[PDB]
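Chemist: My structure file input-v8.txt, compact mmCIF, C-alpha atoms and all ligand atoms, is below:
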# COMPACT_ATOMS: atom_id res chain seq x y z
CA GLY A 15 0.00 0.00 0.00
CA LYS A 16 1.13 3.62 -0.78
CA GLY A 17 1.89 5.57 2.42
CA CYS A 18 4.49 6.66 5.00
CA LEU A 19 5.81 5.43 8.35
CA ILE A 20 5.73 7.78 11.36
CA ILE A 21 8.28 7.06 14.10
CA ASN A 22 6.64 8.18 17.38
CA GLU A 23 8.55 9.33 20.51
CA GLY A 24 5.70 7.92 22.63
CA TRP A 25 4.35 9.23 25.92
CA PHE A 26 7.35 9.77 28.21
CA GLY A 27 6.66 8.29 31.69
CA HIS A 28 3.72 6.11 30.36
CA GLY A 29 4.83 3.94 27.41
CA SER A 30 7.21 3.21 24.55
CA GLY A 31 7.71 4.75 21.14
CA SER A 32 5.87 3.19 18.21
CA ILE A 33 5.48 3.12 14.43
CA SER A 34 2.30 4.48 12.78
CA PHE A 35 1.37 4.02 9.09
CA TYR A 36 -0.50 6.73 7.12
CA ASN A 37 -2.30 4.81 4.33
CA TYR A 38 -2.80 7.40 1.52
CA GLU A 39 -5.33 5.35 -0.55
CA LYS A 40 -7.58 4.77 2.54
CA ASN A 41 -6.64 8.22 4.14
CA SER A 42 -6.33 6.18 7.39
CA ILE A 43 -3.78 5.93 10.27
CA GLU A 44 -2.74 2.55 11.80
CA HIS A 45 -0.81 2.55 15.14
CA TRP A 46 1.54 0.08 16.95
CA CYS A 47 2.52 -1.41 13.55
CA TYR A 48 5.91 -2.79 14.76
CA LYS A 49 4.25 -4.22 17.92
CA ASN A 50 1.40 -5.90 16.04
CA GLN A 51 3.88 -7.48 13.51
CA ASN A 52 6.29 -8.77 16.32
CA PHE A 53 4.02 -10.67 18.85
CA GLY A 54 3.76 -7.67 21.25
CA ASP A 55 7.50 -6.63 21.17
CA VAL A 56 7.93 -2.83 21.52
CA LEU A 57 10.44 -0.07 20.76
CA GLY A 58 12.21 1.76 23.58
CA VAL A 59 11.46 5.01 25.38
CA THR A 60 11.62 8.17 23.17
CA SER A 61 11.91 6.69 19.65
CA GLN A 62 13.58 9.74 18.07
CA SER A 63 15.07 8.68 14.72
CA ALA A 64 15.30 5.98 12.12
CA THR A 65 17.64 5.25 9.20
CA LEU A 66 17.46 3.06 6.10
CA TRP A 67 20.79 1.22 5.68
CA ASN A 68 21.64 -1.71 3.32
CA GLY A 69 17.92 -2.56 2.92
CA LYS A 70 17.08 -2.60 6.69
CA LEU A 71 15.29 -0.03 8.86
CA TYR A 72 17.24 0.89 12.05
CA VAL A 73 14.87 2.50 14.62
CA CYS A 74 16.55 4.22 17.60
CA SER A 75 15.10 4.93 21.05
CA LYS A 76 16.82 7.07 23.73
CA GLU A 77 16.29 4.47 26.50
CA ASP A 78 15.40 0.82 27.12
CA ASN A 79 15.18 -0.89 23.71
CA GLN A 80 17.65 1.46 22.02
CA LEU A 81 17.76 -0.14 18.55
CA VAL A 82 15.44 -2.35 16.53
CA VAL A 83 16.57 -3.54 13.08
CA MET A 84 13.53 -4.42 10.93
CA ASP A 85 12.43 -5.08 7.37
CA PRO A 86 11.26 -1.66 5.90
CA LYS A 87 8.12 -3.18 4.21
CA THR A 88 6.82 -5.72 6.80
CA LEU A 89 8.38 -4.25 10.04
CA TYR A 90 9.34 -7.87 10.98
CA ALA A 91 12.25 -7.61 13.45
CA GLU A 92 15.68 -8.78 12.27
CA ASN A 93 17.12 -7.89 15.74
CA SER A 94 15.51 -6.21 18.80
CA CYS A 95 18.71 -5.09 20.55
CA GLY A 96 17.57 -3.91 24.05
CA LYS A 97 19.89 -1.55 25.94
CA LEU A 98 23.14 -0.91 24.00
CA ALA A 99 24.92 1.49 26.40
CA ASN A 100 24.54 3.77 29.45
CA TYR A 101 24.26 6.73 26.97
CA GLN A 102 21.05 7.69 25.22
CA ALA A 103 20.70 6.56 21.58
CA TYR A 104 19.75 9.43 19.20
CA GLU A 105 20.48 8.38 15.61
CA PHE A 106 21.91 5.47 13.66
CA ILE A 107 24.47 6.41 10.96
CA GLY A 108 25.64 3.73 8.52
CA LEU A 109 29.43 3.35 7.95
CA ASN A 110 29.59 0.20 5.79
CA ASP A 111 28.22 -3.39 5.61
CA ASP A 112 29.85 -4.22 9.00
CA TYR A 113 29.53 -1.07 11.21
CA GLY A 114 27.31 1.85 12.13
CA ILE A 115 27.42 4.72 14.60
CA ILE A 116 24.97 5.51 17.42
CA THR A 117 24.95 9.18 18.41
CA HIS A 118 24.30 10.27 22.02
CA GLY A 119 23.81 13.17 24.46
CA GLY A 120 27.57 12.80 25.08
CA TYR A 121 30.09 10.71 23.10
CA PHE A 122 29.12 8.42 20.20
CA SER A 123 29.37 4.62 19.76
CA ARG A 124 30.45 2.23 17.03
CA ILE A 125 27.97 -0.66 16.60
CA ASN A 126 28.78 -3.97 14.84
CA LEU A 127 25.83 -4.66 12.46
CA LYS A 128 26.14 -8.50 12.86
CA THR A 129 26.80 -8.84 16.65
CA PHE A 130 25.40 -5.49 18.01
CA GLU A 131 28.67 -5.04 20.06
CA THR A 132 28.58 -1.33 21.02
CA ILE A 133 31.89 0.49 21.78
CA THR A 134 31.47 4.05 23.15
CA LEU A 135 34.37 6.35 22.12
CA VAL A 136 35.10 8.46 25.24
CA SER A 137 38.25 10.38 24.01
CA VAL A 138 37.44 11.70 20.50
CA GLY A 139 37.89 15.51 20.74
CA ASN A 140 34.89 17.33 22.36
CA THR A 141 32.22 14.75 21.26
CA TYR A 142 31.49 14.55 25.07
CA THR A 143 29.19 17.58 24.32
CA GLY A 144 26.79 15.35 22.30
CA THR A 145 26.40 14.10 18.74
CA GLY A 146 23.33 14.50 16.52
CA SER A 147 23.21 13.37 12.90
CA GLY A 148 25.92 12.46 10.45
CA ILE A 149 26.73 10.61 7.22
CA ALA A 150 29.36 8.32 5.68
CA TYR A 151 30.95 10.08 2.68
CA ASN A 152 34.14 9.43 0.64
CA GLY A 153 35.72 7.22 3.36
CA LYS A 154 34.87 9.66 6.26
CA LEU A 155 32.19 9.88 8.93
CA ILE A 156 30.89 13.49 8.86
CA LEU A 157 29.58 14.06 12.43
CA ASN A 158 27.24 16.73 13.88
CA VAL A 159 28.85 17.62 17.26
CA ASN A 160 27.13 19.85 19.86
CA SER A 161 28.79 23.24 19.26
CA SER A 162 26.78 24.75 22.21
CA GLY A 163 28.88 22.65 24.70
CA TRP A 164 32.35 23.29 26.13
CA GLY A 165 35.05 24.06 23.51
CA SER A 166 32.44 24.81 20.73
CA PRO A 167 33.24 21.65 18.64
CA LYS A 168 32.44 22.07 14.93
CA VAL A 169 31.51 19.24 12.52
CA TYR A 170 34.05 16.37 12.76
CA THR A 171 35.39 14.19 9.97
CA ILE A 172 36.74 10.77 11.07
CA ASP A 173 38.36 8.11 8.85
CA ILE A 174 35.95 5.12 8.50
CA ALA A 175 38.81 2.53 8.15
CA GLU A 176 40.33 3.81 11.47
CA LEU A 177 36.90 3.72 13.18
CA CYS A 178 36.30 0.16 11.85
CA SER A 179 39.61 -1.25 13.29
CA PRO A 180 38.86 -4.71 14.89
CA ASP A 181 41.15 -3.66 17.83
CA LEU A 182 39.10 -0.46 18.63
CA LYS A 183 38.86 0.24 22.38
CA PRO A 184 36.68 2.94 24.09
CA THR A 185 39.73 5.07 25.10
CA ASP A 186 41.40 5.16 21.60
CA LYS A 187 42.13 8.77 20.54
CA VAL A 188 40.76 8.21 17.02
CA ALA A 189 42.03 11.02 14.75
CA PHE A 190 39.50 13.69 13.64
CA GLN A 191 39.50 16.95 11.68
CA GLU A 192 37.12 19.87 12.24
CA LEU A 193 35.26 21.34 9.26
CA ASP A 194 34.34 25.07 9.51
CA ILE A 195 30.65 24.18 10.20
CA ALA A 196 29.33 25.28 13.62
CA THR A 197 26.23 23.26 14.65
CA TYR A 198 24.78 24.92 17.80
CA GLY A 199 21.93 22.36 17.46
CA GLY A 200 21.04 19.23 15.52
CA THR A 201 21.56 19.30 11.73
CA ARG A 202 20.97 16.88 8.87
CA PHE A 203 22.95 15.77 5.81
CA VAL A 204 21.62 15.44 2.22
CA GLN A 205 23.60 13.68 -0.55
CA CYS A 206 22.90 15.06 -4.06
CA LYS A 207 23.52 13.65 -7.57
CA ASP A 208 26.48 16.08 -7.92
CA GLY A 209 28.30 13.70 -5.45
CA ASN A 210 28.37 16.41 -2.69
CA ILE A 211 26.86 16.61 0.81
CA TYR A 212 24.57 19.48 1.92
CA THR A 213 24.06 20.50 5.58
CA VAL A 214 23.08 23.50 7.72
CA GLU A 215 25.53 25.52 9.80
CA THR A 216 24.04 27.37 12.80
CA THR A 217 26.67 29.69 14.38
CA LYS A 218 27.00 31.00 17.98
CA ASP A 219 25.13 34.21 16.91
CA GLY A 220 22.21 32.18 15.31
CA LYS A 221 23.16 32.76 11.59
CA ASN A 222 22.15 29.80 9.36
CA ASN A 223 24.26 28.77 6.31
CA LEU A 224 23.51 26.09 3.70
CA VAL A 225 26.93 24.33 3.35
CA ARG A 226 28.11 22.23 0.37
CA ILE A 227 30.81 19.74 1.40
CA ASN A 228 32.87 18.72 -1.68
CA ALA A 229 34.60 15.35 -2.31
CA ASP A 230 37.83 17.13 -1.16
CA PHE A 231 35.95 18.21 2.11
CA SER A 232 36.30 21.91 1.01
CA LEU A 233 33.21 24.05 1.80
CA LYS A 234 30.98 26.50 -0.02
CA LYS A 235 28.47 28.48 2.10
CA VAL A 236 25.38 30.58 1.27
CA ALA A 237 23.07 32.28 3.81
CA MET A 238 19.74 30.62 4.73
CA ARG A 239 16.86 32.50 6.36
CA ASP A 240 17.73 33.89 9.84
CA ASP A 241 14.43 32.45 11.28
CA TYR A 242 15.57 28.82 10.56
CA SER A 243 16.12 27.01 13.90
CA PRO A 244 18.11 23.75 14.32
CA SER A 245 16.83 21.09 16.72
CA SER A 246 18.05 21.60 20.34
CA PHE A 247 20.54 19.27 22.02
CA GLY A 248 18.44 20.16 25.15
CA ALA A 249 15.94 17.55 23.92
CA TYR A 250 17.46 16.06 20.77
CA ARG A 251 15.20 15.61 17.73
CA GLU A 252 15.99 15.34 14.03
CA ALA A 253 16.22 18.85 12.47
CA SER A 254 13.68 19.96 9.82
CA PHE A 255 16.38 20.31 7.09
CA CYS A 256 15.91 17.70 4.34
CA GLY A 257 16.15 17.43 0.59
CA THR A 258 16.16 15.48 -2.67
CA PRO A 259 19.05 14.04 -4.79
CA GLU A 260 18.20 16.80 -7.38
CA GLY A 261 19.27 19.59 -4.88
CA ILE A 262 15.78 20.79 -3.76
CA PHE A 263 15.99 21.43 0.03
CA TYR A 264 13.18 21.96 2.54
CA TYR A 265 13.20 23.54 5.98
CA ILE A 266 10.96 25.10 8.63
CA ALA A 267 11.72 28.79 9.38
CA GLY A 268 9.54 31.10 11.56
CA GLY A 269 6.92 28.26 11.75
CA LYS A 270 6.54 28.06 7.88
CA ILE A 271 7.72 25.58 5.19
CA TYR A 272 10.32 26.81 2.64
CA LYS A 273 11.51 25.13 -0.57
CA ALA A 274 15.14 26.18 -1.24
CA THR A 275 18.11 25.42 -3.54
CA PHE A 276 21.84 26.24 -3.35
CA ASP A 277 21.13 29.16 -5.79
CA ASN A 278 17.98 30.27 -3.78
CA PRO A 279 18.91 29.34 -0.13
CA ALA A 280 16.92 32.11 1.70
CA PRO A 281 13.51 32.25 -0.16
CA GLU A 282 11.07 35.07 0.77
CA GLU A 283 8.23 32.93 -0.75
CA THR A 284 6.92 29.97 1.35
CA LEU A 285 6.19 26.55 -0.18
CA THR A 286 2.73 26.79 1.50
CA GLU A 287 0.79 29.10 3.89
CA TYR A 288 -1.12 26.01 5.33
CA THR A 289 -2.25 26.29 8.99
CA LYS A 290 -4.74 24.45 11.18
CA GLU A 291 -5.69 26.58 14.19
CA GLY A 292 -3.79 25.54 17.39
CA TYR A 293 -1.59 22.89 15.57
CA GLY A 294 2.19 23.58 15.57
CA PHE A 295 5.13 21.61 14.14
CA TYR A 296 6.55 18.76 16.28
CA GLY A 297 9.40 16.29 15.84
CA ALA A 298 11.28 16.63 12.55
CA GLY A 299 8.32 18.76 11.35
CA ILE A 300 8.83 17.88 7.62
CA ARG A 301 10.28 15.21 5.35
CA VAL A 302 10.42 15.01 1.53
CA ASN A 303 9.87 11.78 -0.45
CA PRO A 304 12.03 12.32 -3.64
CA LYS A 305 10.48 9.24 -5.35
CA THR A 306 6.84 10.63 -5.16
CA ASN A 307 7.37 14.52 -5.13
CA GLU A 308 5.58 14.56 -1.70
CA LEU A 309 6.39 16.66 1.40
CA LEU A 310 4.95 15.32 4.68
CA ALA A 311 4.36 17.61 7.68
CA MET A 312 3.70 16.60 11.33
CA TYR A 313 1.86 18.79 13.86
CA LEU A 314 0.18 18.54 17.25
CA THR A 315 -1.84 20.71 19.64
CA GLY A 316 -0.40 22.65 22.63
CA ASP A 317 -1.49 19.88 25.11
CA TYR A 318 -0.03 17.11 22.79
CA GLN A 319 -3.41 15.17 22.72
CA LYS A 320 -4.30 15.68 19.00
CA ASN A 321 -2.03 14.98 15.99
CA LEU A 322 -2.08 16.14 12.31
CA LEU A 323 -0.21 14.75 9.26
CA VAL A 324 -0.42 16.81 6.02
CA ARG A 325 0.82 15.62 2.58
CA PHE A 326 1.79 18.38 0.11
CA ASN A 327 2.99 18.37 -3.48
CA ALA A 328 6.73 19.05 -2.91
CA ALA A 329 7.07 21.14 -6.17
CA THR A 330 3.93 23.35 -6.05
CA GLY A 331 3.01 23.22 -2.29
CA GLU A 332 -0.72 22.33 -2.87
CA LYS A 333 -2.24 20.12 -0.13
CA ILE A 334 -2.88 16.53 -1.38
CA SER A 335 -4.31 15.12 1.88
CA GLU A 336 -4.35 15.28 5.67
CA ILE A 337 -5.24 13.08 8.66
CA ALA A 338 -6.17 14.22 12.21
CA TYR A 339 -5.99 11.68 15.10
CA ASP A 340 -6.02 11.64 18.92
CA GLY A 341 -3.45 10.20 21.33
CA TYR A 342 -0.13 10.80 23.13
CA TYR A 343 2.05 9.70 20.14
CA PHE A 344 4.56 12.69 19.99
CA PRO A 345 5.55 12.08 16.28
CA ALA A 346 9.39 12.08 15.84
CA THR A 347 10.01 11.67 12.08
CA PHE A 348 8.78 10.22 8.78
CA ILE A 349 10.27 7.23 6.90
CA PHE A 350 9.42 6.46 3.23
CA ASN A 351 10.05 2.96 1.73
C1 LIG A 401 6.45 19.88 27.60
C2 LIG A 401 7.72 19.07 27.96
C3 LIG A 401 8.02 17.80 27.29
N1 LIG A 401 9.14 17.13 27.55
CO1 LIG A 401 10.74 17.52 28.53
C4 LIG A 401 11.35 18.59 27.05
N2 LIG A 401 11.68 19.28 26.03
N3 LIG A 401 9.88 19.13 29.23
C5 LIG A 401 8.58 19.60 28.98
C6 LIG A 401 8.25 20.70 30.00
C7 LIG A 401 7.20 20.18 31.03
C8 LIG A 401 6.20 21.20 31.58
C9 LIG A 401 5.34 21.89 30.52
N4 LIG A 401 5.72 23.09 30.10
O1 LIG A 401 4.39 21.29 29.99
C10 LIG A 401 9.66 21.19 30.42
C11 LIG A 401 10.23 22.26 29.46
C12 LIG A 401 9.74 21.74 31.86
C13 LIG A 401 10.44 19.89 30.19
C14 LIG A 401 11.69 19.62 30.77
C15 LIG A 401 12.62 18.73 30.34
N5 LIG A 401 12.48 17.91 29.31
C16 LIG A 401 13.73 17.37 28.99
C17 LIG A 401 13.83 16.31 28.02
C18 LIG A 401 15.21 15.89 27.47
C19 LIG A 401 12.69 15.59 27.59
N6 LIG A 401 11.45 15.93 27.72
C20 LIG A 401 10.42 15.04 27.10
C21 LIG A 401 9.82 14.18 28.21
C22 LIG A 401 9.39 16.06 26.58
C23 LIG A 401 7.95 15.60 26.22
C24 LIG A 401 7.67 14.68 24.99
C25 LIG A 401 7.25 13.23 25.19
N7 LIG A 401 7.38 12.44 24.13
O2 LIG A 401 6.72 12.84 26.24
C26 LIG A 401 7.19 16.98 26.26
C27 LIG A 401 7.26 17.69 24.88
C28 LIG A 401 5.71 16.68 26.67
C29 LIG A 401 5.37 16.39 28.14
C30 LIG A 401 3.88 16.34 28.36
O3 LIG A 401 3.27 17.43 28.47
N8 LIG A 401 3.25 15.15 28.33
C31 LIG A 401 1.82 14.97 28.54
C32 LIG A 401 1.47 14.94 30.01
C33 LIG A 401 -0.01 14.78 30.25
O4 LIG A 401 2.16 13.78 30.56
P1 LIG A 401 2.96 13.82 31.93
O5 LIG A 401 3.40 12.45 32.27
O6 LIG A 401 2.26 14.58 33.00
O7 LIG A 401 4.25 14.71 31.50
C34 LIG A 401 5.27 15.09 32.43
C35 LIG A 401 6.66 14.57 32.06
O8 LIG A 401 6.77 14.50 30.65
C36 LIG A 401 7.56 15.59 32.77
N9 LIG A 401 8.80 15.79 32.06
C37 LIG A 401 9.00 16.53 30.96
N10 LIG A 401 10.20 16.41 30.48
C38 LIG A 401 10.86 15.49 31.27
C39 LIG A 401 12.16 14.96 31.20
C40 LIG A 401 12.61 14.01 32.14
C41 LIG A 401 14.04 13.45 31.97
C42 LIG A 401 11.69 13.61 33.21
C43 LIG A 401 12.06 12.61 34.29
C44 LIG A 401 10.37 14.15 33.24
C45 LIG A 401 9.97 15.08 32.27
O9 LIG A 401 6.84 16.82 32.84
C46 LIG A 401 5.47 16.61 32.45
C47 LIG A 401 4.60 17.39 33.43
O10 LIG A 401 3.79 18.26 32.67
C48 LIG A 401 11.31 14.19 26.06
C49 LIG A 401 10.83 12.77 25.71
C50 LIG A 401 11.54 14.98 24.71
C51 LIG A 401 12.46 14.37 23.69
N11 LIG A 401 11.82 13.91 22.63
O11 LIG A 401 13.64 14.09 23.94
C52 LIG A 401 12.65 14.23 26.89
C53 LIG A 401 13.11 13.01 27.73
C54 LIG A 401 13.92 11.99 26.92
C55 LIG A 401 14.33 10.83 27.81
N12 LIG A 401 13.93 9.62 27.47
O12 LIG A 401 14.93 11.07 28.88
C56 LIG A 401 14.82 18.16 29.74
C57 LIG A 401 16.09 17.36 30.15
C58 LIG A 401 15.20 19.35 28.78
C59 LIG A 401 16.36 20.19 29.27
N13 LIG A 401 17.55 20.04 28.69
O13 LIG A 401 16.18 20.90 30.25
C60 LIG A 401 14.00 18.64 30.98
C61 LIG A 401 14.03 17.75 32.25
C62 LIG A 401 12.99 17.98 33.36
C63 LIG A 401 13.22 17.02 34.51
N14 LIG A 401 12.20 16.28 34.92
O14 LIG A 401 14.32 16.97 35.06
Could you take the file, read its structure, and then write that structure out as structure tokens?
Modeler:
Amino acid sequence: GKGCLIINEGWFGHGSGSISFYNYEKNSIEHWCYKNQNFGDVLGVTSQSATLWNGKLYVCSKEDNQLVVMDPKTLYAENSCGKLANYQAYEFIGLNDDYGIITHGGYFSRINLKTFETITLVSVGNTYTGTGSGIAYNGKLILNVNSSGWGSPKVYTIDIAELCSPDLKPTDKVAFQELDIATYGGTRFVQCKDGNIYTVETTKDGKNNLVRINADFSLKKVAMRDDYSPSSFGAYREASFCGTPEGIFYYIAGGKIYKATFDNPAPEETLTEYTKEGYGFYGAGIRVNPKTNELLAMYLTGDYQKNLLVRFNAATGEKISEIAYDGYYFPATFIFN
């Protein structure tokens, strides 16, 4: 069936995160989709992020069941990992066939994708401040470090081959370089068909730059809208910044959706002026499906009891559909398969 997955934080203090399914053909929402496919097994507490990697869906939770690896189509569990570490799991970042990264509120971990052995790296620069998103690119991990913490760490690059050493120990001072990309909050990484990476700098003074990272790791910057906000490391969520392989980017700025490019990074024109009265953005806020030309938007009310998903045309901004539903879900992000 045509649709999208919604990763839910879940109701902190009351139950787990969960996976909902917005069926577009039915214009219906189905809840607890992982649970109902896996004989009552559940995600952890605060399911914040998921990642597609080598045909599997990795779903992170901050606490308890910190990682579930599942089939993207069926949601049948490959591995329900339980607690990986004494650090909160934020995101999964793929390195290769053998290894991934788990980001945290302080440090980051290497995870073996066969065994689930989790090694937390405690002496890699100022990654003690927290790690957000990241991406594997041209033999390097590009890592969103919490620039708001002590020492103002900028984006790190780390050699994947060094990270993937079979002799890696938690105290190894794995070499890094800093890129000139301040990330005072959480950012995201988009790979385009040019073979470059796109991300969002947010500086100490709150200026937002769209940053192209080249295959050489040299930078080109252009100013985004000043009213763009990253996600806060105070309560880590995936940032709103996303985009297509064609170089069309989307972000939330001043509570409105913008379509942007590298040539038009700070648009005055919105994608849409859509509101529903008393619904505000939550979680990641937006994600684009490049395969369908669809932008999905997630909202809830001020008391968190009522939820809204809206599906737009990603080119023109016209509303295709919406669905309103009750419950303490706290939507985190969208996944398209
Ligand atoms: C609103 C909110 C929320 N909060 Co606060 C945020 N942002 N929060 C707040 C505020 C509560 C009061 C208010 N203004 O309504 C506010 C700003 C004070 C707060 C505070 C904090 N929050 C924090 C975080 C990280 C979190 N918060 C969430 C619970 C995050 C929530 C999201 C979620 N998925 O649950 C959240 C969006 C919704 C809570 C709610 O209204 N639920 C409905 C209500 C009917 O249920 P309830 O059981 O009575 O809710 C109570 C608890 O949620 C409690 N509480 C709230 N946050 C925390 C955090 C912890 C660690 C603990 C033990 C309790 C809480 O306060 C609520 C009383 O109204 C969280 C899941 C968000 C996220 N997705 O990461 C997350 C906890 C993750 C985890 N598994 O540990 C802070 C550490 C932020 C910071 N750096 O200061 C801090 C810790 C407070 C503490 N207890 O020590």
Chemist: Between segment 77-156 of chain A and segment 192-214 of chain A, at 12 Å or less, what are the per-residue closest atom pairs and their distances in Å? Count only C-alpha atoms, order by chain and rising residue number, and return it as a tab-separated table.
Modeler:
residue	atom	partner	partner_atom	distance
A:104	CA	A:200	CA	10.5
A:105	CA	A:202	CA	10.9
A:107	CA	A:203	CA	10.8
A:117	CA	A:200	CA	11.2
A:118	CA	A:200	CA	11.5
A:119	CA	A:200	CA	11.1
A:138	CA	A:192	CA	11.6
A:139	CA	A:192	CA	9.6
A:140	CA	A:192	CA	10.7
A:141	CA	A:192	CA	11.5
A:143	CA	A:198	CA	10.8
A:144	CA	A:200	CA	9.7
A:145	CA	A:200	CA	8.1
A:146	CA	A:200	CA	5.3
A:147	CA	A:202	CA	5.8
A:148	CA	A:203	CA	6.4
A:149	CA	A:203	CA	6.5
A:150	CA	A:203	CA	9.8
A:151	CA	A:211	CA	7.9
A:152	CA	A:209	CA	9.5
A:154	CA	A:211	CA	11.9
A:155	CA	A:203	CA	11.4
A:156	CA	A:203	CA	8.8
Chemist: Counting only C-alpha atoms and all ligand atoms, which protein, DNA or RNA residues come within 7 Å of ligand LIG 401 (chain A), given as a PDB file with C-alpha atoms, keeping the file's coordinate frame?
Modeler:
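And here is the file that came out, pocket15.pdb:
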ATOM      1  CA  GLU A  23       8.550   9.330  20.510  1.00  0.00           C
ATOM      2  CA  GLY A  24       5.700   7.920  22.630  1.00  0.00           C
ATOM      3  CA  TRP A  25       4.350   9.230  25.920  1.00  0.00           C
ATOM      4  CA  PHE A  26       7.350   9.770  28.210  1.00  0.00           C
ATOM      5  CA  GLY A  27       6.660   8.290  31.690  1.00  0.00           C
ATOM      6  CA  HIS A  28       3.720   6.110  30.360  1.00  0.00           C
ATOM      7  CA  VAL A  59      11.460   5.010  25.380  1.00  0.00           C
ATOM      8  CA  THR A  60      11.620   8.170  23.170  1.00  0.00           C
ATOM      9  CA  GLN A  62      13.580   9.740  18.070  1.00  0.00           C
ATOM     10  CA  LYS A  76      16.820   7.070  23.730  1.00  0.00           C
ATOM     11  CA  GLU A  77      16.290   4.470  26.500  1.00  0.00           C
ATOM     12  CA  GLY A 248      18.440  20.160  25.150  1.00  0.00           C
ATOM     13  CA  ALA A 249      15.940  17.550  23.920  1.00  0.00           C
ATOM     14  CA  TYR A 250      17.460  16.060  20.770  1.00  0.00           C
ATOM     15  CA  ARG A 251      15.200  15.610  17.730  1.00  0.00           C
ATOM     16  CA  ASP A 317      -1.490  19.880  25.110  1.00  0.00           C
ATOM     17  CA  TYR A 318      -0.030  17.110  22.790  1.00  0.00           C
ATOM     18  CA  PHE A 344       4.560  12.690  19.990  1.00  0.00           C
TER      19      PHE A 344
END
Chemist: So, counting all atoms listed in the file, which residue among A:159, A:169, A:316, A:124 is closest to residue 184 of chain A?
Modeler: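 Comparing A:159, A:169, A:316, A:124 against residue 184 of chain A, the winner is A:124.
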Chemist: In Å, with one decimal, what is the gap from atom CA of residue 46 of chain A to atom CA of residue 31 of chain A?
Modeler: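 Distance reported for this atom pair: 8.8 Å.
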Chemist: Using atom CA of residue 115 of chain A and atom CA of residue 95 of chain A as the two end points, give the distance in Å to one decimal.
Modeler: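 Between atom CA of residue 115 of chain A and atom CA of residue 95 of chain A the gap is 14.4 Å.
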Chemist: Enumerate, as a VMD selection string, the protein, DNA and RNA residues whose atoms approach (10.0, 2.1, 19.9) to within 7 Å, taking into account all atoms listed in the file and the coordinate frame of the file.
Modeler: chain A and resid 30 to 32 56 to 59 61 75
Chemist: Restricting the calculation to only C-alpha atoms, which member of A:103, A:157, A:81, A:175 is positioned closest to residue 127 of chain A?
Modeler: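 Residue with the minimum atom-to-atom distance to residue 127 of chain A: A:81.
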